[PDB]
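Step one of this worksheet: look at the structure below.
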Ligand SMILES: Nc1nc2c(ncn2[C@@H]2O[C@H](COP(=O)(O)OP(=O)(O)O)[C@@H](O)[C@H]2O)c(=O)[nH]1
Ligand SMILES: [Mg+2]
Ligand SMILES: [Mg+2]
């Protein structure tokens, strides 16, 4: 059969969860996507010559939250490079996912979004060290320019693929 990967995009409000997801799906940049919108997609894609079903959930910032954390197989942990609080929040999101999953090994990718912006308050060295501390990849993205957007989602799929063989 066809392989299925449930991906969940998490992160503080305004970091670009929706802009990243809409860029992936629509190849369009959204300026004003309502912050209450939770949008989920079932889409067939080809990654590394293997076709799979991606179930992608763009979260909006309690019983339902634990529900989509239980169901999610890999998590895009998004922060914005001009928002130090969103970067500091990553460890809280990570801990909460592991708590809900009741598992210490959850596939994740660290995403630093809005890299097109001049205002940078998160040092890339600290983003690299945070990803290193977690043992996960770190990808710099711009949903405005589409830089790294496909890489971020496809990398998470590859991480789930490796997790399933362990
Ligand atoms: N310059 C720039 N703005 C972005 C980027 N990603 C998102 N935004 C803007 O940040 C605001 C919040 O983005 P949104 O995707 O709605 O954030 P969400 O709350 O995490 O879903 C919107 O005005 C977006 O246009 C980016 O990569 N670059
Ligand atoms: Mg949103
Ligand atoms: Mg618009």
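Residue numbers (the entry's author numbering): 0 to 60, 75 to 179.
All residues carry an ideal CB built from backbone N, CA and C; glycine is no exception.
Checking the 7 Å criterion, the Cβ of residue 125 is out of range of every heavy atom belonging to ligand 1. It is roughly 30 Å from the alpha-carbon of residue 178 to the alpha-carbon of residue 38. Ranked by Cα distance from residue 24, the options 162, 174, 87 are led by 162. Ranked by Cα distance from residue 156, the first of 80, 59, 16 is 16. When secondary structure is reduced to three states using DSSP, residue 156 falls in the coil class, being assigned neither helix nor strand.
Counted as a single uninterrupted DSSP element, the stretch harbouring residue 167 is not any beta strand (DSSP E) but the alpha helix (DSSP H) occupying residues 162 to 177. Judged by DSSP in its simplified three-state form, residue 18 adopts helix. Counting every other CB atom within 10 Å of its CB across the protein chains shown gives residue 18 a total of 16 or more, marking it as buried. When the alpha-carbon of residue 95 is set against those of 77, 14, 46, 86, the nearest one is in 14. Within the same chain, 113, 114 come within 8 Å of residue 83 by CB-CB distance, once the 5 residues on both sides are set aside. DSSP, read as helix, strand or coil, puts residue 96 in coil. Sequence-distant partners of residue 22 (beyond 5 residues in either direction) whose C-beta falls short of 7 Å from its own C-beta, in its chain, are 28, 156, 159, 162. Of the residues assessed, residue 121 falls on the buried side of the cut-off, its CB having 16 or more other CB atoms within 10 angstroms. Using a 10 angstroms sphere on the CB of residue 126, the tally of other CB atoms reaches 16 or more, which defines it as buried.
Neighbourhood of ligand 2, defined by CB distance below 7 Å to any of its heavy atoms: 16, 17, 32, 34, 36, 57, 59, in chain order. Taking 8 Å as the cut-off, the Cβ atoms of residue 3 and residue 51 count as close.
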